[PDB]
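S.K.: Can you read through this structure? Questions will come right after.
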Amino acid sequence: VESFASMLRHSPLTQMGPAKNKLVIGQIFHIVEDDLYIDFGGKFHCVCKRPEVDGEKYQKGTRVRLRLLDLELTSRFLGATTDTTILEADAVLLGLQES
Amino acid sequence: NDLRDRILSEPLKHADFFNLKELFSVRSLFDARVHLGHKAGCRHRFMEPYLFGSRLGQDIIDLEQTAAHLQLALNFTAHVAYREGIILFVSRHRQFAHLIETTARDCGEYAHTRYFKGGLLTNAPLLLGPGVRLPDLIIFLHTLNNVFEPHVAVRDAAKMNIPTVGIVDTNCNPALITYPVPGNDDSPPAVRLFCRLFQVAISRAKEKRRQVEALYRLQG
Amino acid sequence: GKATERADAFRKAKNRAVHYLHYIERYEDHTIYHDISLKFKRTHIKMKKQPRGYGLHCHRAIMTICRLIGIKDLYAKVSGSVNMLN
Amino acid sequence: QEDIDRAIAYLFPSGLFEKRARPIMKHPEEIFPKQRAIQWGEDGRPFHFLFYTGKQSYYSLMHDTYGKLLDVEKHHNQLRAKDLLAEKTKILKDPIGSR
Amino acid sequence: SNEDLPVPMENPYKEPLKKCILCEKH
Amino acid sequence: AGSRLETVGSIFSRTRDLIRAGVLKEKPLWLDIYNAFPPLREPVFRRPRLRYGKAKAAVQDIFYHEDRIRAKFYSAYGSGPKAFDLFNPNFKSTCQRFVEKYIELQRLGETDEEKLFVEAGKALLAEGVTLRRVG
RNA sequence: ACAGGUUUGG
Ligand SMILES: [Mg+2]
Ligand SMILES: [Mg+2]
Ligand SMILES: [Mg+2]
Ligand SMILES: [Zn+2]
């Protein structure tokens, strides 16, 4: 049998380290008239704006390239006991699976 | 009437009566992003014993205790589904509500993914009907509502003495949940894994109940 | 139970008291297991375990509550506030 | 019915200004309102799977509408992936007068 | 007994603190 | 009827002592399953008190020895050329190949960090990958 | 002290 610590030490999210400026392949799973819900795969889904070039090539299921900025947007404010989680991630759109 | 008690007393003498160990494993829970929780500042105080550590701000839920709790949760839900118990899948989350309705429909159990009314469980003989049978089990696929506060049914079940199985994240409160399962409830595959596990558990329970009744009809 | 009429409040309290039922562990069904000294919001209650011959030497309402519970022997002293609800 | 009300108006000629106060004899399904059907069997188990939502008819209608919306979405995604356009705009019902 | 357990070490990804425009000046 | 007190105890105790007193004439169907397979922690109510003073959490940070080399890789080259594929369970990135070369160059009897770093940086060219040193 | 009455629209 395999231990959870042994699989977590060799999990790719452990190999990524800090989620700042990391190139991740994420797949789109939902489509809004202007917003694309891309699933980079870590915990949450990042919502990006459809670019002007090759805008029609972005469909449900398309895999794209992202530059991860934050794994989960949380911050504290005046008189808060816990953080205010946004249930989303921060990443920018660069391309669509260049190959 | 004497042999009817045999049907109810048989599965209580075995640990894995429905053979649920083959349904999942630690590696089957790892690839579904179940071991991932919220950030360190969003950690509830009652989540510290259920955590493995903190991987650069994000808390990591251990999967050994996750599976150890999930085995008991699946066994309990399979036994209550075997004993002809009403099971209600409750979740206030506007992403998988349709998945939970379809899972409860395929299970033949009942679902609540909409706005939970005030006196639903407490004021049931006025909210539902003159004489209504309350659910014998409440399975929580999202403990917190859209306001990030504990659900109403997680307290109304404890008020009405109803057993509650619940998937708790790093920002949830398992103090009142009877069977907590420390895992992830925000990733689509993590939700789908729990929904399919409870689906197969209720299916196997009802099927083994029908087989036991088939042999009950041949014992006399 | 609170209502405009006194009989209506009586009924609202009778039919509502059964929903909140405690179970009091009674040592030998006549006393409590040990002497308890509790401090509520502003009420101090000091109750002491007594033998079979010390029958309900408590406050006039604590005697009624213990007579409803089943405690036949008890000594209780209420200090501080004597608010009935607390 | 046009003879029933005509015979009632002659046999019981009530002169009243409110039309609902006059004597009327119709089929019981227009007089009595729509009564709710039974919701649970003899064993207590409810029939519909949305009975514990308070509005088991409205929420079931919403669930069916969303299930057909997702079916249309997946079928149109597969049709766009296969590059076929056989549907038309069947929403403009102005000359019909639909509301 | 486990070798893949995390060790209590310092943070290697510690980003250096930002300096003022006159940090280490006169 | 029952006991609607959530803060007094757990549902199992509140359902057991009621039948023990004789007010609950009918035993619930889940009580046998609770007696047969009880959970790990009894579901008693606990108030989430805040943590004041010098008291802190009891959790620990997750850090391995490979992170000390991953920090050097992300400080020198940044992100690797092969983008991260989190869907693949057995995905091996360039930083993982770098630390796989580092753990063996450590076993080869080398102690100096420069002799353990630039030699792995040159050994990565043997496979045919590119490294972009961020100036 | 086994306590009770009494401040106030409450
Ligand atoms: Mg969550
Ligand atoms: Mg006084
Ligand atoms: Mg005054
Ligand atoms: Zn400075």
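In the structure tokens, chains take the letters A, B, ... in the order shown, each chain's residues start at 1, and ligands count up from 1 in the order shown.
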Grab me every residue within 9 Å of ligand 1, counting only C-alpha atoms (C1' of nucleotides) and all ligand atoms, and send it over as an mmCIF file with N, CA and C atoms, in the first residue's frame.
M.R.:
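Contents of result.cif, freshly written:
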```cif
data_model
loop_
_atom_site.group_PDB
_atom_site.id
_atom_site.type_symbol
_atom_site.label_atom_id
_atom_site.label_comp_id
_atom_site.auth_asym_id
_atom_site.auth_seq_id
_atom_site.Cartn_x
_atom_site.Cartn_y
_atom_site.Cartn_z
ATOM 1 N N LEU A 87 -13.545 32.056 -3.750
ATOM 2 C CA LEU A 87 -13.855 30.782 -4.404
ATOM 3 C C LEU A 87 -13.431 30.796 -5.870
ATOM 4 N N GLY B 37 -7.498 21.827 0.844
ATOM 5 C CA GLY B 37 -8.407 22.689 1.571
ATOM 6 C C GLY B 37 -8.200 24.154 1.244
ATOM 7 N N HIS B 38 -8.778 25.042 2.047
ATOM 8 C CA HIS B 38 -8.666 26.474 1.808
ATOM 9 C C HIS B 38 -7.318 26.975 2.327
ATOM 10 N N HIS B 142 -22.435 20.125 0.997
ATOM 11 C CA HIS B 142 -21.778 21.403 1.262
ATOM 12 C C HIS B 142 -22.306 21.929 2.589
ATOM 13 N N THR B 143 -21.431 21.988 3.597
ATOM 14 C CA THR B 143 -21.868 22.362 4.938
ATOM 15 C C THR B 143 -22.242 23.837 5.013
ATOM 16 N N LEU B 144 -21.452 24.701 4.386
ATOM 17 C CA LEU B 144 -21.716 26.130 4.396
ATOM 18 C C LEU B 144 -22.633 26.510 3.241
ATOM 19 N N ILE B 167 -19.763 16.240 4.444
ATOM 20 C CA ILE B 167 -18.435 16.498 3.897
ATOM 21 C C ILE B 167 -17.996 17.877 4.377
ATOM 22 N N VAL B 168 -16.947 17.916 5.190
ATOM 23 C CA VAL B 168 -16.465 19.144 5.810
ATOM 24 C C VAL B 168 -15.148 19.555 5.164
ATOM 25 N N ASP B 169 -15.018 20.848 4.880
ATOM 26 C CA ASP B 169 -13.785 21.409 4.350
ATOM 27 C C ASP B 169 -12.947 21.962 5.502
ATOM 28 N N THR B 170 -11.894 22.711 5.175
ATOM 29 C CA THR B 170 -11.056 23.317 6.201
ATOM 30 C C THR B 170 -11.709 24.518 6.871
ATOM 31 N N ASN B 171 -12.829 25.010 6.340
ATOM 32 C CA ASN B 171 -13.528 26.156 6.907
ATOM 33 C C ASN B 171 -14.917 25.791 7.418
ATOM 34 N N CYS B 172 -15.159 24.516 7.696
ATOM 35 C CA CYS B 172 -16.452 24.047 8.169
ATOM 36 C C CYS B 172 -16.398 23.742 9.663
ATOM 37 N N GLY B 183 -12.702 16.428 3.740
ATOM 38 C CA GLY B 183 -12.291 16.399 2.357
ATOM 39 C C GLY B 183 -12.537 17.731 1.686
ATOM 40 N N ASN B 184 -12.478 17.712 0.359
ATOM 41 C CA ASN B 184 -12.684 18.900 -0.457
ATOM 42 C C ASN B 184 -14.082 18.868 -1.057
ATOM 43 N N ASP B 185 -14.787 19.998 -0.971
ATOM 44 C CA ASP B 185 -16.138 20.116 -1.506
ATOM 45 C C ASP B 185 -16.249 21.233 -2.537
ATOM 46 N N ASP B 186 -15.119 21.718 -3.051
ATOM 47 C CA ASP B 186 -15.111 22.796 -4.025
ATOM 48 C C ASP B 186 -14.592 22.388 -5.394
ATOM 49 N N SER B 187 -13.903 21.254 -5.507
ATOM 50 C CA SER B 187 -13.463 20.801 -6.819
ATOM 51 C C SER B 187 -14.516 19.888 -7.441
#
```
S.K.: Let's see if you can do this: from backbone DSSP, list all strand (DSSP E) residues in chain A, as a ChimeraX atom specification.
M.R.: /A:22-31,35-39,46-49,63-70,74-75,84-85,90-95
S.K.: Return the neighbours of chain D among the residues of chain A, cut-off 10 Å, counting only C-alpha atoms, as a ChimeraX atom specification.
M.R.: /A:31,59-61
S.K.: Would you mind writing down, as a PyMOL selection string, each residue of chain D that DSSP on the backbone assigns to alpha helix (DSSP H)?
M.R.: chain D and resi 4-11+28-31+58-81
S.K.: Any chance you could export the current selection's N, CA, C and O atoms as a tab-separated table (two decimals), in the first residue's frame?
M.R.:
```
chain	number	residue	atom	x	y	z
D	4	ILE	N	-77.31	24.48	-19.45
D	4	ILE	CA	-77.37	24.37	-18.00
D	4	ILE	C	-77.51	25.75	-17.37
D	4	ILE	O	-78.41	25.99	-16.56
D	5	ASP	N	-76.62	26.68	-17.74
D	5	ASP	CA	-76.71	28.02	-17.18
D	5	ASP	C	-77.98	28.73	-17.63
D	5	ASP	O	-78.56	29.51	-16.87
D	6	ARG	N	-78.45	28.44	-18.84
D	6	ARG	CA	-79.68	29.03	-19.34
D	6	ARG	C	-80.90	28.53	-18.56
D	6	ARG	O	-81.84	29.29	-18.33
D	7	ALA	N	-80.90	27.26	-18.16
D	7	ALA	CA	-82.00	26.73	-17.38
D	7	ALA	C	-81.93	27.19	-15.93
D	7	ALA	O	-82.96	27.40	-15.29
D	8	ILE	N	-80.71	27.35	-15.41
D	8	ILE	CA	-80.55	27.87	-14.05
D	8	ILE	C	-81.02	29.31	-13.98
D	8	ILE	O	-81.70	29.71	-13.02
D	9	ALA	N	-80.69	30.12	-14.99
D	9	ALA	CA	-81.08	31.52	-14.98
D	9	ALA	C	-82.60	31.69	-15.04
D	9	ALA	O	-83.13	32.70	-14.57
D	10	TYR	N	-83.30	30.71	-15.60
D	10	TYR	CA	-84.76	30.78	-15.68
D	10	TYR	C	-85.42	30.20	-14.43
D	10	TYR	O	-86.36	30.80	-13.90
D	11	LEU	N	-84.95	29.05	-13.95
D	11	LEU	CA	-85.57	28.41	-12.80
D	11	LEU	C	-85.28	29.16	-11.51
D	11	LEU	O	-86.14	29.20	-10.61
D	28	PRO	N	-67.86	19.80	-10.93
D	28	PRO	CA	-67.13	20.13	-9.70
D	28	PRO	C	-65.68	20.56	-9.91
D	28	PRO	O	-65.10	21.15	-9.00
D	29	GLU	N	-65.10	20.32	-11.09
D	29	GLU	CA	-63.70	20.66	-11.30
D	29	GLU	C	-63.47	22.14	-11.55
D	29	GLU	O	-62.34	22.62	-11.40
D	30	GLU	N	-64.51	22.89	-11.94
D	30	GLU	CA	-64.40	24.34	-12.01
D	30	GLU	C	-64.82	25.01	-10.71
D	30	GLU	O	-64.28	26.07	-10.37
D	31	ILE	N	-65.76	24.41	-9.98
D	31	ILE	CA	-66.19	24.98	-8.71
D	31	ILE	C	-65.10	24.78	-7.65
D	31	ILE	O	-64.58	25.75	-7.08
D	58	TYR	N	-42.79	23.14	-8.56
D	58	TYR	CA	-42.03	24.23	-9.16
D	58	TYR	C	-40.55	23.88	-9.27
D	58	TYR	O	-39.93	24.13	-10.31
D	59	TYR	N	-39.97	23.32	-8.21
D	59	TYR	CA	-38.56	22.98	-8.28
D	59	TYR	C	-38.30	21.84	-9.26
D	59	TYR	O	-37.25	21.82	-9.90
D	60	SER	N	-39.26	20.93	-9.42
D	60	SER	CA	-39.10	19.89	-10.43
D	60	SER	C	-39.18	20.47	-11.84
D	60	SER	O	-38.44	20.05	-12.74
D	61	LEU	N	-40.06	21.46	-12.05
D	61	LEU	CA	-40.11	22.13	-13.34
D	61	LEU	C	-38.80	22.85	-13.63
D	61	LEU	O	-38.28	22.79	-14.75
D	62	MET	N	-38.23	23.51	-12.62
D	62	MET	CA	-36.95	24.20	-12.81
D	62	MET	C	-35.83	23.21	-13.08
D	62	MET	O	-34.95	23.48	-13.91
D	63	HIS	N	-35.87	22.05	-12.43
D	63	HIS	CA	-34.85	21.03	-12.63
D	63	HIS	C	-34.93	20.44	-14.02
D	63	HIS	O	-33.90	20.22	-14.67
D	64	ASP	N	-36.15	20.21	-14.53
D	64	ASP	CA	-36.29	19.71	-15.89
D	64	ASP	C	-35.85	20.75	-16.91
D	64	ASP	O	-35.20	20.42	-17.91
D	65	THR	N	-36.17	22.02	-16.66
D	65	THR	CA	-35.73	23.08	-17.57
D	65	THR	C	-34.21	23.17	-17.61
D	65	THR	O	-33.62	23.32	-18.69
D	66	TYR	N	-33.55	23.06	-16.45
D	66	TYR	CA	-32.10	23.12	-16.44
D	66	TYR	C	-31.48	21.88	-17.08
D	66	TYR	O	-30.46	21.98	-17.78
D	67	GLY	N	-32.09	20.71	-16.88
D	67	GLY	CA	-31.60	19.50	-17.52
D	67	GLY	C	-31.72	19.53	-19.03
D	67	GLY	O	-30.86	18.98	-19.73
D	68	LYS	N	-32.77	20.16	-19.55
D	68	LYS	CA	-32.86	20.32	-20.99
D	68	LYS	C	-31.95	21.42	-21.51
D	68	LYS	O	-31.44	21.31	-22.64
D	69	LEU	N	-31.68	22.44	-20.70
D	69	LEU	CA	-30.71	23.46	-21.10
D	69	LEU	C	-29.32	22.86	-21.24
D	69	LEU	O	-28.60	23.15	-22.20
D	70	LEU	N	-28.93	22.00	-20.30
D	70	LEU	CA	-27.62	21.36	-20.41
D	70	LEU	C	-27.55	20.38	-21.57
D	70	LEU	O	-26.49	20.24	-22.20
D	71	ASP	N	-28.67	19.71	-21.89
D	71	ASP	CA	-28.68	18.82	-23.05
D	71	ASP	C	-28.52	19.61	-24.34
D	71	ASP	O	-27.76	19.21	-25.23
D	72	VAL	N	-29.21	20.74	-24.45
D	72	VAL	CA	-29.04	21.59	-25.63
D	72	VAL	C	-27.61	22.10	-25.71
D	72	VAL	O	-27.02	22.16	-26.79
D	73	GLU	N	-27.02	22.46	-24.56
D	73	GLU	CA	-25.65	22.96	-24.56
D	73	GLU	C	-24.67	21.90	-25.04
D	73	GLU	O	-23.80	22.19	-25.88
D	74	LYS	N	-24.78	20.67	-24.54
D	74	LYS	CA	-23.84	19.63	-24.95
D	74	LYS	C	-24.06	19.23	-26.41
D	74	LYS	O	-23.08	19.00	-27.14
D	75	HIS	N	-25.31	19.17	-26.86
D	75	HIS	CA	-25.57	18.82	-28.25
D	75	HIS	C	-25.07	19.90	-29.20
D	75	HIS	O	-24.52	19.58	-30.26
D	76	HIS	N	-25.21	21.17	-28.82
D	76	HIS	CA	-24.70	22.24	-29.67
D	76	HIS	C	-23.18	22.32	-29.64
D	76	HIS	O	-22.57	22.66	-30.65
D	77	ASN	N	-22.55	21.97	-28.51
D	77	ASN	CA	-21.09	21.90	-28.48
D	77	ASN	C	-20.58	20.79	-29.39
D	77	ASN	O	-19.62	20.99	-30.14
D	78	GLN	N	-21.21	19.62	-29.35
D	78	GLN	CA	-20.79	18.55	-30.25
D	78	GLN	C	-21.06	18.92	-31.71
D	78	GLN	O	-20.26	18.59	-32.59
D	79	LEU	N	-22.17	19.62	-31.97
D	79	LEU	CA	-22.47	20.01	-33.34
D	79	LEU	C	-21.49	21.07	-33.85
D	79	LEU	O	-21.12	21.05	-35.03
D	80	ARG	N	-21.05	21.98	-32.98
D	80	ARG	CA	-20.03	22.94	-33.37
D	80	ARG	C	-18.68	22.27	-33.55
D	80	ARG	O	-17.88	22.69	-34.40
D	81	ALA	N	-18.40	21.23	-32.76
D	81	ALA	CA	-17.17	20.47	-32.95
D	81	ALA	C	-17.18	19.72	-34.27
D	81	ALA	O	-16.13	19.57	-34.90
```
S.K.: Env of range 12-20 of chain E: 9 Å cut, atoms = only C-alpha atoms (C1' of nucleotides), seq-sep filter 5 positions within chain, self excluded. Answer as a compact mmCIF listing (two decimals) with N, CA, C and O atoms, in the first residue's frame.
M.R.:
```txt
# COMPACT_ATOMS: atom_id res chain seq x y z
N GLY A 17 5.51 24.19 -6.07
CA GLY A 17 5.93 25.12 -5.05
C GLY A 17 5.01 26.32 -4.98
O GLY A 17 3.79 26.18 -4.89
N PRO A 18 5.58 27.52 -5.02
CA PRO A 18 4.74 28.72 -5.02
C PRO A 18 3.99 28.87 -6.33
O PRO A 18 4.54 28.63 -7.41
N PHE F 63 7.20 20.89 4.34
CA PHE F 63 8.42 21.24 3.63
C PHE F 63 9.34 20.03 3.59
O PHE F 63 9.53 19.36 4.61
N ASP F 67 12.55 21.00 -1.60
CA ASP F 67 12.13 22.39 -1.76
C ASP F 67 13.31 23.35 -1.71
O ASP F 67 13.27 24.41 -2.35
N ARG F 68 14.37 22.99 -0.99
CA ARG F 68 15.56 23.84 -0.94
C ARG F 68 16.26 23.92 -2.29
O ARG F 68 16.94 24.91 -2.57
N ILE F 69 16.12 22.89 -3.12
CA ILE F 69 16.68 22.92 -4.46
C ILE F 69 15.68 23.49 -5.46
O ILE F 69 16.07 24.15 -6.43
N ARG F 70 14.39 23.25 -5.22
CA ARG F 70 13.36 23.87 -6.05
C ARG F 70 13.39 25.39 -5.93
O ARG F 70 13.12 26.09 -6.91
N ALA F 71 13.74 25.91 -4.75
CA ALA F 71 13.89 27.35 -4.61
C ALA F 71 15.06 27.88 -5.43
O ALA F 71 14.93 28.94 -6.05
N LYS F 72 16.17 27.15 -5.48
CA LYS F 72 17.29 27.58 -6.32
C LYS F 72 16.92 27.51 -7.79
O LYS F 72 17.30 28.39 -8.57
N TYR F 74 13.84 27.79 -9.13
CA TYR F 74 12.90 28.86 -9.42
C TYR F 74 13.52 30.24 -9.26
O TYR F 74 12.99 31.21 -9.81
N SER F 75 14.63 30.35 -8.53
CA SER F 75 15.33 31.62 -8.43
C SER F 75 16.26 31.85 -9.62
O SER F 75 16.46 32.99 -10.04
```
S.K.: If the cut-off is 9 Å, can you tell me the residues of chain E near chain A, counting only C-alpha atoms? I'd like them as a PyMOL selection string.
M.R.: chain E and resi 2-6+13
S.K.: Would you mind exporting C-alpha atoms of the selected residues as a compact mmCIF listing (two decimals), in the first residue's frame?
M.R.:
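Saved result, out_33.txt, follows:
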```txt
# COMPACT_ATOMS: atom_id res chain seq x y z
CA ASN E 2 8.18 7.12 7.05
CA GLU E 3 10.82 8.90 4.98
CA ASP E 4 8.48 11.15 2.96
CA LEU E 5 7.31 13.07 6.03
CA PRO E 6 7.85 16.85 5.90
CA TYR E 13 10.85 30.36 -1.06
```
S.K.: Enter the distance from CA of residue 65 in chain C to CA of residue 42 in chain F, in Å, rounded to one decimal.
M.R.: 29.4 Å
S.K.: At a cut-off of 9 Å, using only C-alpha atoms (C1' of nucleotides), what residues contact residue 74 in chain C? Leave out same-chain residues fewer than 3 positions from it and give the result as a VMD selection string.
M.R.: chain C and resid 30 to 32 47 to 51 54 to 58 63 66 71
S.K.: Using only C-alpha atoms and a cut-off of 8 Å, which residues of chain F sit close to chain B? Please list them as a PDB file with N, CA and C atoms, in the first residue's frame.
M.R.:
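Listed below is the output, part_35.pdb:
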```pdb
ATOM      1  N   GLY F   2     -39.628  14.518  22.381  1.00  0.00           N
ATOM      2  CA  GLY F   2     -38.206  14.332  22.207  1.00  0.00           C
ATOM      3  C   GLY F   2     -37.418  15.354  22.989  1.00  0.00           C
ATOM      4  N   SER F   3     -36.175  15.560  22.558  1.00  0.00           N
ATOM      5  CA  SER F   3     -35.268  16.516  23.186  1.00  0.00           C
ATOM      6  C   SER F   3     -34.664  17.388  22.095  1.00  0.00           C
ATOM      7  N   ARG F   4     -35.060  18.662  22.063  1.00  0.00           N
ATOM      8  CA  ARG F   4     -34.587  19.610  21.063  1.00  0.00           C
ATOM      9  C   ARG F   4     -33.427  20.462  21.563  1.00  0.00           C
ATOM     10  N   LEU F   5     -32.593  19.924  22.445  1.00  0.00           N
ATOM     11  CA  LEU F   5     -31.448  20.642  22.989  1.00  0.00           C
ATOM     12  C   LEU F   5     -30.194  20.223  22.234  1.00  0.00           C
ATOM     13  N   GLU F   6     -29.561  21.175  21.552  1.00  0.00           N
ATOM     14  CA  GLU F   6     -28.379  20.869  20.757  1.00  0.00           C
ATOM     15  C   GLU F   6     -27.087  20.993  21.551  1.00  0.00           C
ATOM     16  N   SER F  10     -24.917  14.948  22.705  1.00  0.00           N
ATOM     17  CA  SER F  10     -25.027  14.431  21.350  1.00  0.00           C
ATOM     18  C   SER F  10     -26.406  13.820  21.123  1.00  0.00           C
ATOM     19  N   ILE F  11     -26.745  13.636  19.844  1.00  0.00           N
ATOM     20  CA  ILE F  11     -28.031  13.044  19.506  1.00  0.00           C
ATOM     21  C   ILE F  11     -28.127  11.613  20.006  1.00  0.00           C
ATOM     22  N   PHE F  12     -27.006  10.891  20.048  1.00  0.00           N
ATOM     23  CA  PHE F  12     -27.029   9.512  20.516  1.00  0.00           C
ATOM     24  C   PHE F  12     -27.338   9.438  22.004  1.00  0.00           C
ATOM     25  N   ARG F  14     -28.816  11.834  23.785  1.00  0.00           N
ATOM     26  CA  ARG F  14     -30.153  12.370  24.016  1.00  0.00           C
ATOM     27  C   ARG F  14     -31.243  11.389  23.602  1.00  0.00           C
ATOM     28  N   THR F  15     -30.969  10.519  22.630  1.00  0.00           N
ATOM     29  CA  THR F  15     -31.925   9.485  22.261  1.00  0.00           C
ATOM     30  C   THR F  15     -31.819   8.248  23.140  1.00  0.00           C
ATOM     31  N   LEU F  29     -34.557   3.718  14.048  1.00  0.00           N
ATOM     32  CA  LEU F  29     -33.872   2.693  13.267  1.00  0.00           C
ATOM     33  C   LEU F  29     -32.375   2.953  13.138  1.00  0.00           C
ATOM     34  N   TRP F  30     -31.932   4.197  13.311  1.00  0.00           N
ATOM     35  CA  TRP F  30     -30.508   4.504  13.243  1.00  0.00           C
ATOM     36  C   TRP F  30     -29.780   4.253  14.558  1.00  0.00           C
ATOM     37  N   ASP F  32     -29.646   1.425  16.335  1.00  0.00           N
ATOM     38  CA  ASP F  32     -28.923   0.162  16.235  1.00  0.00           C
ATOM     39  C   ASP F  32     -27.660   0.305  15.398  1.00  0.00           C
ATOM     40  N   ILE F  33     -27.708   1.104  14.331  1.00  0.00           N
ATOM     41  CA  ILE F  33     -26.511   1.285  13.520  1.00  0.00           C
ATOM     42  C   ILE F  33     -25.488   2.129  14.258  1.00  0.00           C
ATOM     43  N   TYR F  34     -25.935   3.086  15.073  1.00  0.00           N
ATOM     44  CA  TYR F  34     -24.999   3.857  15.878  1.00  0.00           C
ATOM     45  C   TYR F  34     -24.350   2.988  16.948  1.00  0.00           C
ATOM     46  N   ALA F  36     -23.895  -0.192  16.680  1.00  0.00           N
ATOM     47  CA  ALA F  36     -23.047  -1.176  16.017  1.00  0.00           C
ATOM     48  C   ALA F  36     -21.754  -0.549  15.509  1.00  0.00           C
ATOM     49  N   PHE F  37     -21.852   0.587  14.822  1.00  0.00           N
ATOM     50  CA  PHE F  37     -20.703   1.260  14.219  1.00  0.00           C
ATOM     51  C   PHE F  37     -20.712   2.724  14.635  1.00  0.00           C
ATOM     52  N   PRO F  39     -19.286   6.508  15.393  1.00  0.00           N
ATOM     53  CA  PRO F  39     -18.238   7.304  14.742  1.00  0.00           C
ATOM     54  C   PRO F  39     -17.018   7.479  15.631  1.00  0.00           C
ATOM     55  N   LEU F  40     -15.983   8.137  15.107  1.00  0.00           N
ATOM     56  CA  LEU F  40     -14.750   8.287  15.871  1.00  0.00           C
ATOM     57  C   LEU F  40     -14.922   9.274  17.019  1.00  0.00           C
ATOM     58  N   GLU F  42     -17.754  11.570  19.263  1.00  0.00           N
ATOM     59  CA  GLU F  42     -19.165  11.749  19.577  1.00  0.00           C
ATOM     60  C   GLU F  42     -19.605  13.151  19.170  1.00  0.00           C
ATOM     61  N   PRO F  43     -20.701  13.291  18.425  1.00  0.00           N
ATOM     62  CA  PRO F  43     -21.102  14.622  17.951  1.00  0.00           C
ATOM     63  C   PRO F  43     -21.682  15.497  19.051  1.00  0.00           C
ATOM     64  N   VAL F  44     -20.853  15.871  20.018  1.00  0.00           N
ATOM     65  CA  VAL F  44     -21.250  16.807  21.062  1.00  0.00           C
ATOM     66  C   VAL F  44     -20.948  18.218  20.584  1.00  0.00           C
ATOM     67  N   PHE F  45     -21.722  19.181  21.075  1.00  0.00           N
ATOM     68  CA  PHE F  45     -21.556  20.565  20.657  1.00  0.00           C
ATOM     69  C   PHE F  45     -20.373  21.199  21.374  1.00  0.00           C
ATOM     70  N   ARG F  46     -19.530  21.895  20.614  1.00  0.00           N
ATOM     71  CA  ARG F  46     -18.406  22.643  21.156  1.00  0.00           C
ATOM     72  C   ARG F  46     -18.405  24.031  20.540  1.00  0.00           C
ATOM     73  N   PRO F  48     -16.936  27.399  19.151  1.00  0.00           N
ATOM     74  CA  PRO F  48     -15.634  27.791  18.596  1.00  0.00           C
ATOM     75  C   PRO F  48     -15.062  29.025  19.272  1.00  0.00           C
ATOM     76  N   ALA F  57      -1.852  27.837  16.491  1.00  0.00           N
ATOM     77  CA  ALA F  57      -2.387  26.597  15.955  1.00  0.00           C
ATOM     78  C   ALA F  57      -1.423  25.441  16.206  1.00  0.00           C
ATOM     79  N   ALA F  58      -1.962  24.225  16.133  1.00  0.00           N
ATOM     80  CA  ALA F  58      -1.188  23.012  16.353  1.00  0.00           C
ATOM     81  C   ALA F  58      -0.743  22.350  15.055  1.00  0.00           C
ATOM     82  N   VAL F  59      -0.991  22.980  13.911  1.00  0.00           N
ATOM     83  CA  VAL F  59      -0.606  22.425  12.619  1.00  0.00           C
ATOM     84  C   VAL F  59       0.835  22.810  12.322  1.00  0.00           C
ATOM     85  N   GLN F  60       1.477  22.029  11.459  1.00  0.00           N
ATOM     86  CA  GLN F  60       2.853  22.265  11.054  1.00  0.00           C
ATOM     87  C   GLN F  60       2.915  22.519   9.554  1.00  0.00           C
ATOM     88  N   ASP F  61       4.012  23.129   9.120  1.00  0.00           N
ATOM     89  CA  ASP F  61       4.207  23.407   7.705  1.00  0.00           C
ATOM     90  C   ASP F  61       4.731  22.171   6.985  1.00  0.00           C
ATOM     91  N   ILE F  62       4.419  22.085   5.696  1.00  0.00           N
ATOM     92  CA  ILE F  62       4.830  20.967   4.854  1.00  0.00           C
ATOM     93  C   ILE F  62       6.027  21.421   4.029  1.00  0.00           C
ATOM     94  N   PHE F  63       7.204  20.886   4.345  1.00  0.00           N
ATOM     95  CA  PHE F  63       8.422  21.236   3.628  1.00  0.00           C
ATOM     96  C   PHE F  63       9.344  20.027   3.593  1.00  0.00           C
ATOM     97  N   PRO F  89      -1.362  12.416 -13.008  1.00  0.00           N
ATOM     98  CA  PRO F  89      -0.890  12.088 -11.651  1.00  0.00           C
ATOM     99  C   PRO F  89       0.606  11.842 -11.578  1.00  0.00           C
TER     100      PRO F  89
END
```
S.K.: Using only C-alpha atoms (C1' of nucleotides) and all ligand atoms, find each protein or nucleic acid residue lying at most 10 Å from ligand 2; present the set as a PyMOL selection string.
M.R.: (chain C and resi 80-83) or (chain G and resi 3-6)
S.K.: Could you write those residues out with C-alpha atoms (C1' of nucleotides), as a PDB file, in the first residue's frame?
M.R.:
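Final output, saved to part_38.pdb:
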```pdb
ATOM      1  CA  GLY C  80     -26.588  36.002  44.262  1.00  0.00           C
ATOM      2  CA  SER C  81     -29.575  36.696  42.044  1.00  0.00           C
ATOM      3  CA  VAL C  82     -32.734  34.652  42.579  1.00  0.00           C
ATOM      4  CA  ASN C  83     -34.133  35.084  39.070  1.00  0.00           C
TER       5      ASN C  83
ATOM      6  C1'   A G   3     -36.406  32.455  51.366  1.00  0.00           C
ATOM      7  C1'   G G   4     -40.582  36.187  50.029  1.00  0.00           C
ATOM      8  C1'   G G   5     -42.685  41.617  48.999  1.00  0.00           C
ATOM      9  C1'   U G   6     -40.828  46.162  47.036  1.00  0.00           C
TER      10        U G   6
END
```
